[PDB]
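What follows is a set of notes on a single structure, which appears directly below.
All Cβ positions, even for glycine, are placed from backbone atoms using ideal geometry, and neighbour counts span all protein chains on display. Throughout, read-outs are computed from the coordinates displayed, never taken from laboratory work.
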Amino acid sequence: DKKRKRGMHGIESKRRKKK
Amino acid sequence: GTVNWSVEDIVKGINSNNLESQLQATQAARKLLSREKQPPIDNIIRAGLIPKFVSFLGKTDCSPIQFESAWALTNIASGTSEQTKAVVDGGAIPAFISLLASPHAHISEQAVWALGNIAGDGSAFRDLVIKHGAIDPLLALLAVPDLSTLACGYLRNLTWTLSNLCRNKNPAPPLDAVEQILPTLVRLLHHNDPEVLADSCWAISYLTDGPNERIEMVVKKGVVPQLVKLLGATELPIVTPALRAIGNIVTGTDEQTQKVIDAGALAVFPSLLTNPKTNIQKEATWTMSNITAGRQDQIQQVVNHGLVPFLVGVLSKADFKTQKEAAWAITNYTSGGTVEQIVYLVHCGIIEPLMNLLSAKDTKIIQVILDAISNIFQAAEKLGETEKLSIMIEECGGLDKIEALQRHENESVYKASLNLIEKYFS
């Protein structure tokens, strides 16, 4: 009965520094 | 000075034996890689510059070139998997980990950033960073009585990198490393900076997406009340990961779910189920569906908080994906609930919107709704009210849709609809 996420948006995994 | 150099000039300066010329060329490279438009990452890689930058990371006597090469490598590692791989293949991981202990805070911060990008590539590089021993020095950076003494940007970068060490599956992060990181995560989860809070909630949401043993690791640290509190924040960037974490948690055992209920999460759901961000409504309704898949006392607590009319509303009008999750919520409710709770559901007006959804194109939601209707009819059978329910389903035009589903392409739909009309609607 319980359904998990994978069963069938996030922040960026990488960040470039521009400063 | 160091603005608008050609890659050729950078190479000529880095290949000189003059440490200051190398510094100038490395700063020029950093400035190329930190420009807004189309940074020439692949040109820098093809020039063979990564090993030289990695070697500069170790020039403790020239702090500026350490910083500049660290920044340049950070930006190379920010790109594709191939580009990050080029940074890792140059030996950068142990060099950055050594920099974490630098007496210059900007250099250790830059190393934190670089390790974050490398770990953010995926499971393998994440585990490779962990194997080289990054966790101990990273956590040592946060071992202070009061996080508020640290520089805002420093703390934010540390939190984001830690979140990347908790990220990704197949496989999930090493259980021992999660145990080592969680206390610091809880501490960051109680910090007053919105970005730190957002990244901490993301980390927790990553750790709670998996088997119930992982959820248990997190829940045992007592973070659920704080997650609920953050569930009620004004900042959408905080609510989103907090809600993701709460949902993950309620995918677990009934006792883990009860910890979310006891923390007061349900009181927040009237807002979440009417939230103007579609993603919030979808996640909230999915969380609801997993709560209505719990014990009858948990279904009852859903009832007591007045959330059933909100499910009726979502089912009546919302994005289709949200409506699909709401249909799941209803089917779980009707499968596990008591006859009294199912009757209450009908008295809240579930039938008409439920029937309106039978005209949808998705086959799976049709199956779900037919299962729910069947459950409701079983309850009615226990009360001798099957005829009143038949009439009610007919008056809103539902019987027409059910009949039309008999002549449907899918076999399961065919069986369910034919059985329904045969056993109840003459």
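Within the bounds of the stretch B:267-289, is there any residue that is among the basic types (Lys, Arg), part of a helix (DSSP H, G or I) and either surrounded by fewer than 22 Cβ atoms within 10 Å (Cβ to Cβ) or away from chain A (no Cβ under 11 Å) (or both)? Walk me through how you get there before you give the answer.
The first filter runs over the stretch B:267-289 and keeps only residues among the basic types (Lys, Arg), leaving B:277, B:282.
Pick out the ones that are also part of a helix (DSSP H, G or I) and you get B:282.
Narrowing the set further to residues that are either surrounded by fewer than 22 Cβ atoms within 10 Å (Cβ to Cβ) or away from chain A (no Cβ under 11 Å) (or both) leaves B:282.
Yes, the stretch B:267-289 has at least one match.
Determine whether the stretch B:317-328 contains at least one residue that is within 30 Å of B:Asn275 (Cβ to Cβ), under 38 Å from the mean Cα position of the chain (by Cα), of a type outside the set (D, E, K, R) and surrounded by fewer than 17 Cβ atoms within 10 Å (Cβ to Cβ).
yes
Looking at B:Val129, B:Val87, B:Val112 in this structure, which one is more than 12 Å from chain A (Cβ to nearest Cβ), among the β-branched types (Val, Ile, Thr), surrounded by 22 or more Cβ atoms within 10 Å (Cβ to Cβ) and part of a helix (DSSP H, G or I)?
B:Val129
Please find, within the stretch B:161-203, the residue that is surrounded by the most Cβ atoms within 10 Å (Cβ to Cβ) out of those that are basic (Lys, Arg) and within 14 Å of chain A (Cβ to nearest Cβ).
B:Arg167
Considering only residues of the stretch B:54-84 that are outside any helix (DSSP H, G or I) and more than 13 Å from B:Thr26 (Cβ to Cβ), which is farthest from the other protein chains (Cβ to nearest Cβ)?
B:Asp61
Six or more apart or on different chains, Cβ under 6 Å: which pairs go from a residue in the stretch B:17-43 that's more than 14 Å from chain A (Cβ to nearest Cβ) to one that's charged (D, E, K, R)? Could you list them?
Note: pairs meeting the criteria are B:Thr26/B:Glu68.
Looking at the stretch B:382-401, which of its residues are hydrophobic (A, V, I, L, M, F, W, C), assigned to a helix (DSSP H, G or I) and either on the phi > 0 side of the Ramachandran plot or in contact with a helix residue (DSSP H, G or I) (Cβ under 9 Å, 6 or more places away or on another chain) (or both)?
Correct list: B:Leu383, B:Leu389, B:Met392, B:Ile393, B:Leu399.
Within the stretch B:169-177, identify whether any single residue is assigned to a loop (DSSP other than H, G, I, E, B) and in contact with a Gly (Cβ under 8 Å, 6 or more places away or on another chain), and answer yes or no.
Within the stretch B:169-177, one or more residues are assigned to a loop (DSSP other than H, G, I, E, B) and in contact with a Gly (Cβ under 8 Å, 6 or more places away or on another chain).
Any idea which of B:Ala404, B:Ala416, B:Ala372, B:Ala379 is out of contact with any helix residue (DSSP H, G or I) (no Cβ under 6 Å at 6 or more places or on another chain), of a type in the set (A, V, I, L, M, F, W, C) and assigned to a helix (DSSP H, G or I)?
None of the other options fit; the residue is B:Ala404.
For the stretch B:318-364, which residues satisfy the criterion of being under 23 Å from B:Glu411 (Cα atoms) and away from chain A (no Cβ under 13 Å)?
Correct list: B:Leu354, B:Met355, B:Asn356, B:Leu357, B:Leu358, B:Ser359, B:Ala360, B:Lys361, B:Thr363.
Looking at B:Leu405, B:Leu383, can you tell me which residue is more than 17 Å from B:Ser316 (Cβ to Cβ) and over 38 Å from the mean Cα position of the chain (by Cα)?
B:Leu383
Within the bounds of the stretch B:217-235, is there any residue that is buried (at least 24 other Cβ atoms within 10 Å of the Cβ), of a type in the set (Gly, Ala, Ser) and over 19 Å from B:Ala329 (Cα atoms)?
No, there is no match, as no residue in the stretch B:217-235 is buried (at least 24 other Cβ atoms within 10 Å of the Cβ), of a type in the set (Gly, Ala, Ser) and over 19 Å from B:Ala329 (Cα atoms).
I'd like the residue in the stretch B:246-266 that is within 12 Å of another protein chain (Cβ to nearest Cβ) and outside any helix (DSSP H, G or I) and, out of all such residues, is surrounded by the fewest Cβ atoms within 10 Å (Cβ to Cβ).
Out of the qualifying residues, it is B:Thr253.
Quick check: is even one residue across the stretch B:357-368 over 33 Å from the mean Cα position of the chain (by Cα), farther than 25 Å from B:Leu272 by Cα and not aliphatic (A, V, I, L, M)?
no
Does B:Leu418 satisfy the criteria of being farther than 27 Å from B:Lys321 by Cβ and surrounded by 14 or more Cβ atoms within 10 Å (Cβ to Cβ)?
Values: farther than 27 Å from B:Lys321 by Cβ: yes; surrounded by 14 or more Cβ atoms within 10 Å (Cβ to Cβ): yes.
It is true that B:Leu418 is farther than 27 Å from B:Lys321 by Cβ and surrounded by 14 or more Cβ atoms within 10 Å (Cβ to Cβ).
Spot the failing condition for B:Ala233; the list is (1) within 13 Å of chain A (Cβ to nearest Cβ); (2) not in a helix (DSSP H, G or I), and only one is missed.
Single failed check for B:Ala233: (1).
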